[PDB]
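Take a look at this one chain, the form deposited in one PDB entry, written out in structure tokens.
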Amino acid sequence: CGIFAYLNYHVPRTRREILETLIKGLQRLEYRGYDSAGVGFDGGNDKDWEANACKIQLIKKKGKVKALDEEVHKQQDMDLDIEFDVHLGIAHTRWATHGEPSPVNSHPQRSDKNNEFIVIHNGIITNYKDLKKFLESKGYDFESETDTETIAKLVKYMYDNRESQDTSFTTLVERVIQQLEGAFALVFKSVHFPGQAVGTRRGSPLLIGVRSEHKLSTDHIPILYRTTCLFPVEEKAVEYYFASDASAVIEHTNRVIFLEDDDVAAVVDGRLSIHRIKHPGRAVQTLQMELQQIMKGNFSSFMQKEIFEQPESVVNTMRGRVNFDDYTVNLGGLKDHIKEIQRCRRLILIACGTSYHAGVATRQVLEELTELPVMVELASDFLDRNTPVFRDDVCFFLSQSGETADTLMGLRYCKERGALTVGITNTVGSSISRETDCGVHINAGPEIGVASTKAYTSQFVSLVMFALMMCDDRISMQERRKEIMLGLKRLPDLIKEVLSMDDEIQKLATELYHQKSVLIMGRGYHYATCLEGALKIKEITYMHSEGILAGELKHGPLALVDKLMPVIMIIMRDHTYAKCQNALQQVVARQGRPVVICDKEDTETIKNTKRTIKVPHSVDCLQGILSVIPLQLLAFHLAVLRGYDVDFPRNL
């Protein structure tokens, strides 16, 4: 789940400093409720290194990384003062799956009782049964209930059967992954290759950070098949960081290499090369990420931080992309494709969960400004039906993580059929970001919370900005674009206005504290609002909230309304205003006493309804952002009132 390794090559570090670096990396990767973690390093207290390289020591523990860090310093035999000019340490944090949390079942997994090979793994080996039986027939005894141990045992099998005494660490790993089936990200360490690391992935993210006070040989590592590698030019000193997430690297360096499926990256003599079995290469790029972005700060939870910082993340999404003087929108990621997109005949938005709601939330304005048909598909269903896709379709894939399975498989489906693919993602280097022809990084910052908050609103704004590009040549739409863009200009301050009503939301959370259901009703631009709000309250509050399209009430669902059923209705001053007034009269006529989220100046309804949240008025195709935030906050406060940890996931 969380991989981190630190390789210091001719950068002298003490064992204390090394272990501190490993522990700190796991804290960046540790999320609420990780049960097992461990570290692997060179044991032995012989003065100076080189003699302590043939003693791999493991310290694994069941619990949080805090307990591990205490165990690290709770070692009487170890001396934390030895200095290593060259050393490789690896670490892992996990939520136990194949087995039960126990020190043995934690990572790293070892190849034997002397720890000749150890490995840390993210993923699942589907065929680990066949592999385990084979290794046992060849005489390898197992000790854990994990599929990872088969990896440690298999690499030693390849070593015990090597043809020459100097077969590379890379070759051994290559022979291992050939026998593996499923998804994996791996980092290997061995006494037979002191100071060397090998990292490889298949369907699981893995990256390498590099730092050196000296110039590096290149910024584009070429691939070697079965100048040519990265290394400090005029000196040896260099540091490498393997990790499954940039969060554990950004505080040490912002220069990273994203590995790809079946890449085998190896560090030999302090030099990094990337091998393949099959010119192309892997780029050393600069991440805009910052350590402060993955911290709670003064907020008591990541959910609270990411809700209340939405004035900032919205501004981050638009920076360098909008100009309110000449009313121009420039999404850099679509420069080399915007003209081709405009020659296509249909837009298909494919996503899961809240990302899908972002498409529902912008479907109308995309239809309005592109004038093309716009299909919005749930990825899982999109695949089940084998949806017809064509070469003149443009397919969008909305994914904060860029790794969701069904969305990624939908991407590959549409590529097979020759469609133009576009990514709306929030993770640089992710599978969906790489494999899409083009796209937009919404630049919302890392989303650490359990539920999507700023990602939904940054996706929202990103699609609106795209729609504004698609109509930049239409005279008849110049005024509509100005209205929308002046809405984006004012949007950050309007969000602050909504957040300032947090006290009113808590009063609503008190009303619904003891309730077991709540219907959220909306239509038009706010169909997505009531769907997203119902999902948030389900995911965070664990109560039965359901979004109901207002225009469907009189077709059945209205039967639920009575004096006891809590109802939240969204009524804004747009073209559907009178229709929403109609639905309100239908609810009240059946003893419903709903709460209404309406515009700040809607004096007509504020005097008729029980309780009303009064959000500020904005352009119709942006109101969804302002009207969903009270539902974000409502889920947060309800969960807190009930003693729940909003940063602790339940689905798992």
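Shifts are known only where both forms have a C-alpha. All residue numbers refer to positions in the sequence shown, first residue = 1. C-alpha atoms forming the largest set that superposes within 1.5 Å between two forms make up the rigid core.
One more form of this protein should be noted, the form solved in complex with a small molecule, which is absent from this view; the next part is about it.
Engineer: Looking at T93, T150, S545, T457 here, can you tell me which has any non-hydrogen atom within 4.5 angstroms of the small molecule in the entry with it bound?
Structural biologist: Contact residue from the list: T93.
Engineer: Out of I124, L378, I223, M78, which one falls within 4.5 Å of the small molecule in the entry with it bound, going by heavy atoms?
Structural biologist: It is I124 that has a heavy atom within 4.5 Å of the partner.
Engineer: Residues in which of 495-503, 194-202, 85-93, 263-271 have heavy atoms within 4.5 Å of the small molecule in the entry with it bound?
Structural biologist: Single hit among the candidates: 85-93.
Engineer: Can any non-hydrogen atom of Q310 be found within 4.5 angstroms of the small molecule in the entry with it bound?
Structural biologist: No, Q310 sits far enough from the small molecule in the entry with it bound that none of its heavy atoms falls within 4.5 Å.
Engineer: Do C1 and the small molecule come within 4.5 Å of each other in the entry with it bound, heavy atoms counted?
Structural biologist: Yes - in the entry with it bound, heavy atoms of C1 and the small molecule come within 4.5 Å of each other.
Engineer: Would you check, heavy atoms only and a 4.5 Å threshold, whether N161 touches the small molecule in the entry with it bound?
Structural biologist: Close contact is absent here: in the entry with it bound, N161 is far from the small molecule, nothing within 4.5 Å, heavy atoms only.
Engineer: Examine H107 and determine whether its closest non-hydrogen atom to the small molecule in the entry with it bound is within 4.5 angstroms.
Structural biologist: Yes.
Engineer: Among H617, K55, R32, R593, which is the residue that shifts its C-alpha 2 Å or more between this form and the one not shown, core superposed?
Structural biologist: Everything else stays below 2 Å; the exception is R32.
Engineer: Rigid core superposed, please list the runs of 3+ consecutive shared residues whose C-alphas all move by 2 Å or more between this form and the one not shown.
Structural biologist: Runs moving 2 Å or more: 31-34, 95-97.
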